[PDB]
Amino acid sequence: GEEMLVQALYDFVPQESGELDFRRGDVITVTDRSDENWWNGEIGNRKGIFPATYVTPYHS
């Protein structure tokens, strides 16, 4: 039962692999709460982990 989603507060451009890329205005569906500072989710055609401090818990 995971339906929570988050929203980016600023821009980000991960040049390393294993990170999830996106830009300001993007929304991500949190698939699970792997960590307290890192979460995982999917966004349209790509997925990966991202920093939890970089996002805000939007209203599911």
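Can you pull out the residues in the range 1-51 that are among the aliphatic types (A, V, I, L, M) and touching a residue at least 24 places away in the same chain (Cβ under 8 Å)?
Matches in the range 1-51: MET4, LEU5, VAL6, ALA8, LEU9, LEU20, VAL27, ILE28, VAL30, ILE49.
Residue by residue, here is whether (1) outside any loop (DSSP other than H, G, I, E, B); (2) exposed (fewer than 11 other Cβ atoms within 10 Å of the Cβ); (3) on the phi > 0 side of the Ramachandran plot holds:
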residue	(1), (2), (3)
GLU3	no, yes, no
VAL30	yes, no, no
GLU36	no, yes, no
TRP39	yes, no, no
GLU42	yes, no, no
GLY48	yes, no, yes
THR53	no, yes, no
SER60	no, yes, no
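Note: ideal-geometry Cβ built from the backbone for every residue, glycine included; neighbour counts use all protein chains shown. Throughout, read-outs are computed from the coordinates displayed, never taken from laboratory work.
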